[PDB]
């Protein structure tokens, strides 16, 4: 008739689960029933726990590496037998076969954390037992068991009637950690297959007595009531031995009632000291919240928003920094390299292989200053050079160059930004920039080609542009010369002595004249030189000839005859650089408007949308907060304080219920 006892035990198991949810070792907890049993005694254990409420998944092949915190609720007003998982909150399971597949899947998965469980049934009384592995690597299981039983939990030991009592590791360890036998109750299972003379012997024992006594039961829809009826009728077979007025106590209902009483008593006793300790740790947590974070509230979404605004301000400063002259230098450099490409491909020497060269005799690159001004060869050469340079993918070159530049700045800005950690969000940002630039790339390119269409027809060069082209050509050409000489010296140091590479140069020059010819029947050795030495000699001769042409053409570009633009066909370098600079600058105008400005406008919106879709689609906002240690400690402190507050509230409500 102790409905109020039922309610008070319910409130206390609730507050226990709350304390468990503030964390392990981060607070004091309330006791509960710990069950232990030997191999046979533990099969009878899991079977006992089954029949203690209703059929649930146990046994079979179990790792038992993780305990199972069963928290039961008295379930009036609900007419369906449903059990739910707290970690998978708000998810209910109707059939315990699904619970079978789930918790046995957690079994096969195997941290040492115990899985919590909650089951509601009107038949079952609210309780709080935890099932750890039964005794049978095996040293570790006994370590965890010992650790669990040493603390003042109400330990529930089971023992099969077949095994001797002094042989059961369940009762033996029960007596190991509890010599008085004051906080342990015993259950003798599989008791149907013994004589009731054994029943009185095992259940009523003076060899290893204990308070709370032993309780013998035979454990094995409507399975609860079925096992109940079996308990009621089995004892009619031998009523005088274990029946009314017999000292022993049996059946499942009595075991459950006793469990409720003992749990209520032990828990209620520890309740006062636990309560005082919780009040202390709430005081301390509040103190740390004041001193270290100045009581500043924090949420994951707040962190994400603030850091995103920081990144946006940083990007704004960058965009104010970037502008158009940077594009000017970038494009003008790329077109410098293109000018070099054209001049080499149309005027200068080629790569080197063993076959002797075609003569190219009628006109040569060095007679250019003193050649016929009306020369069809030179006219055609400079004209096809300019046509080739202009009718090149200058649009796609500008688009891809500006794209790589912007993306590089975005990744660097990210490196210095608040998104240094959280690599997932960082990748979302970078990929957003990449997709915006990719979207604008084609339109930028095609538009640049259209804007260049009039300079493709007549890129008329003004004298000032010509002088600019002269000054720039000198620097570009001389820089290329220095690169050639550096690669030459590197070739010398690579091959060995300068004299050796000079010898291989003599051989390659000999093969380049008529003085010697070689056939390709043996591609391993030609001359007194190896195949690799020969290849390196070819590259060395190429570098030599290109270097000589380069210095000669630098002197020619510095000549007085190149001062005026009227002999453009005599000075292709300066002319091509003038064309390159002009194309570069007008392409830079169109690029800056179209691609750059579209990036400055679309980039923040794309960041916002893709980040939202990531954080809300992946549930990755909470993990995003978890990634940074400082904010993780901050949110952990806030959650801890809130949890302790709600716990104290429940305790005060309970104390109100039992005081008035």
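Numbering (PDB author numbering), first residue to last: 223 to 332, 339 to 364, 375 to 458, 471 to 910. Backbone N, C-alpha and C fix where the C-beta goes; we use that ideal spot for every residue, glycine too.
Assuming the contact rule is C-beta atoms closer than 8 Å, residue i and residue j should be a hit. Round their C-beta distance to whole Å, please.
i, j, result
"residue 516", "residue 421", "7 Å"
"residue 531", "residue 539", "In fact, because the Cβ distance is near 12 Å, the residues do not count as touching under 8 Å."
"residue 408", "residue 258", "5 Å"
"residue 266", "residue 396", "6 Å"
"residue 706", "residue 641", "6 Å"
"residue 302", "residue 324", "Actually they do not touch by this definition, with Cβ atoms about 18 Å apart."
"residue 887", "residue 535", "7 Å"
"residue 392", "residue 253", "6 Å"
"residue 415", "residue 387", "5 Å"
"residue 876", "residue 882", "5 Å"
"residue 723", "residue 823", "5 Å"
"residue 619", "residue 806", "6 Å"
"residue 602", "residue 645", "Rounded, the Cβ-Cβ distance is 34 Å, inconsistent with contact."
"residue 819", "residue 632", "5 Å"
"residue 304", "residue 275", "With 8 Å as the limit, residue 304 and residue 275 do not qualify as a contact, their Cβ atoms being about 13 Å apart."
"residue 492", "residue 438", "7 Å"
Less than 9 Å between the C-beta atoms of residue i and residue j, yes or no?
i, j, result
"residue 581", "residue 846", "no"
"residue 562", "residue 678", "no"
"residue 382", "residue 361", "yes"
"residue 432", "residue 399", "yes"
"residue 401", "residue 263", "yes"
"residue 901", "residue 345", "no"
"residue 798", "residue 668", "no"
"residue 455", "residue 423", "no"
"residue 450", "residue 508", "yes"
"residue 815", "residue 704", "no"
"residue 792", "residue 777", "no"
"residue 234", "residue 871", "no"
"residue 343", "residue 307", "yes"
"residue 606", "residue 762", "yes"
"residue 849", "residue 701", "no"
"residue 453", "residue 273", "no"
"residue 261", "residue 363", "yes"
"residue 337", "residue 709", "Here residue 337 is not present, the numbering of the chain passing from 332 to 339 in one jump."
"residue 457", "residue 270", "yes"
"residue 226", "residue 907", "yes"
"residue 394", "residue 498", "no"
"residue 355", "residue 294", "yes"
"residue 720", "residue 827", "yes"
"residue 505", "residue 231", "no"
"residue 329", "residue 286", "yes"
At which residues does the alpha helix (DSSP H) containing residue i begin and terminate?
i, result
"residue 513", "502-543"
"residue 483", "473-484"
"residue 638", "626-640"
"residue 695", "673-707"
"residue 266", "261-273"
"residue 820", "Note, residue 820: premise wrong, no alpha helix (DSSP H); not H, not E."
"residue 236", "225-244"
"residue 719", "713-745"
"residue 386", "376-388"
"residue 758", "748-762"
"residue 321", "318-331"
"residue 590", "575-596"
"residue 670", "From DSSP, residue 670 is part of no alpha helix (DSSP H); its letter is neither H nor E."
Since residue i is in the beta strand (DSSP E), which residue starts that stretch and which ends it?
i, result
"residue 344", "343-349"
"residue 451", "Taken as a continuous stretch (DSSP letters only), residue 451 belongs to no beta strand (DSSP E), as it is neither H nor E."
"residue 570", "Run containing residue 570: none in the beta strand (DSSP E); it sits in the alpha helix (DSSP H), 550-572."
"residue 293", "290-296"
"residue 787", "No beta strand (DSSP E) holds residue 787; the alpha helix (DSSP H) holding it covers 781-808."
"residue 306", "304-306"
"residue 616", "Premise fails: residue 616 is in no beta strand (DSSP E) and is neither H nor E."
"residue 498", "Note, residue 498: premise wrong, no beta strand (DSSP E); not H, not E."
"residue 256", "255-258"
"residue 357", "356-359"
So, does the CB of residue i fall closer than 9 Å to a CB anywhere in chain D?
i, result
"residue 232", "Protein chain content of the structure displayed is limited to a single chain, and chain D is not contained in it."
Length-filtered (4 minimum) alpha helix (DSSP H) runs lying within the region 393-437:
Within the region 393-437, the complete alpha helix (DSSP H) runs of at least 4 residues are 407-415.
Is the number of C-beta pairs between the region 685-698 and the region 644-657 that are closer than 8 Å three or more?
When Cβ pairs closer than 8 Å are counted between the two stretches, the region 685-698 is seen to touch the region 644-657, the count reaching three or more.
What alpha helix (DSSP H) runs, 4 residues minimum, are completely inside the region 822-895?
822-841, 848-867, 871-877
Flag this pair as touching only if the region 852-868 and the region 745-759 have three or more C-beta atom pairs under 8 Å; answer yes or no.
no
Cβ contact (3+ pairs, closer than 8 Å) linking the region 679-687 and the region 821-837:
no
Validate contact between the region 594-603 and the region 615-634 using beta carbons, cut 8 Å, 3 pairs
Cβ pair count under 8 Å is three or more, so yes.
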